[PDB]
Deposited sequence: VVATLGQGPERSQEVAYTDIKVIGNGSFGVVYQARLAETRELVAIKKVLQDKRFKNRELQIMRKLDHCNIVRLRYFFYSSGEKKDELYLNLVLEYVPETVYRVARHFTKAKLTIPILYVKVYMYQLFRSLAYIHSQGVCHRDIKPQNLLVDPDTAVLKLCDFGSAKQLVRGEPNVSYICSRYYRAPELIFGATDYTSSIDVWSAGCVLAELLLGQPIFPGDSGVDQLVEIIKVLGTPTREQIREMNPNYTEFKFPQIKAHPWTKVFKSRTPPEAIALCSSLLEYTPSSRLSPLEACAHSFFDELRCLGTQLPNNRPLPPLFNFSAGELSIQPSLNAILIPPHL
């Protein structure tokens, strides 16, 4: 198969293919090279560009899955096939293994993985890309090196001020409250909300907001955060300000997590899981949170007697997003 090089244009032959994902929004396979490769097939309108392909071409980060190649197939009808870097595990599978084993994920792994998620969101938002599907199933992780990579940019979109966008987006457990309220003017801070849900899930061993419907998803959030004020509703969807919603007391933040949950981990959760989207931490601000202070200490290593993954190789563009946080992000050493 002749395929164009991912990162300039450009001969590919693969082996050991297997279907690991079906349904609408495409079909996903795995392949071999002697490397490992992922294939995703989607139906594409020949008259328009593929949104994900243009997104994947624009991005280059150590915490983003690499687009190796891409090629077309007819089927008879055009199908775009995206040749993607293969990563052995997902955060969902690792978390499920720990819960199935009735064990808690060590906080250092939670620290290492969450930092790379927030770093990836800082990068994509700098390039004007909103993931819109941030969930553990879309977080690739290497079991040994503990590097995290963001993938599945099918729902990704460049949110332009003034352009309405679909409200019913993201997976339900990680959907921001303004989306459930039907907001069409939402921003990339919805990715931050989903990242907050992922962090809480890793500390709790189960999703923090397990909604069985759109309405009950908002009920599950209110049971934790309390009923949002009318002013918080105004920033989410001003069409809901004049309803009289029952006032539910907020469950204390320290009372929703386990006894041994670190105090700063709870603090980070409260700073990201905010009703008002503008009050949520920026992805770089989350990286600068004290919850990640261990990763910046001189001498911290992975539990499996291995060094920490790349966490401070920030590019000049990365250094330019929020200059004030760069004192924390790069420690005195390095």
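Gaps without C-alpha coordinates occur at 8, 12-13, 37-39, 83-85, with positions taken along the deposited sequence from 1.
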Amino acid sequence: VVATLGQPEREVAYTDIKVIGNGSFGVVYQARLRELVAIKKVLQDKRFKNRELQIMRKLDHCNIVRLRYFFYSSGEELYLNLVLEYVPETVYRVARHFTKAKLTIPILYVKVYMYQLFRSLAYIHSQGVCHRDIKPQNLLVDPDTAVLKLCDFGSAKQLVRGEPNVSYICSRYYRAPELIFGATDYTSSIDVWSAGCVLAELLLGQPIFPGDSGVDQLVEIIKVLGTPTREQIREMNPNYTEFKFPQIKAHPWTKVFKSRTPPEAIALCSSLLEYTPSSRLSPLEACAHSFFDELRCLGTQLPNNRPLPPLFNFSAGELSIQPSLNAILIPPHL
From here on, numbers count along this sequence of modelled residues.
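Averaged over CA atoms, B-factors in the entry run higher in 242-250 than in the other of 186-194 and 242-250.
Between 176-184 and 84-92, the higher mean Cα B-factor belongs to 84-92. Comparing the listed residues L281, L53, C269, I39, the entry records the largest Cα B-factor for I39. Per the PDB record, residue ranking by Cα B-factor puts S290 in the middle third of the chain. Annotation for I64: C-alpha temperature factor in the middle third relative to the rest of the modelled chain, per the entry. In the PDB entry, a CA B factor belonging to the lowest third of its chain's modelled residues is recorded for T227. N237 sits in the lowest third of its chain by CA B factor, as recorded in the PDB entry.
The PDB entry assigns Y275 a C-alpha temperature factor belonging to the lowest third of its chain's modelled residues.
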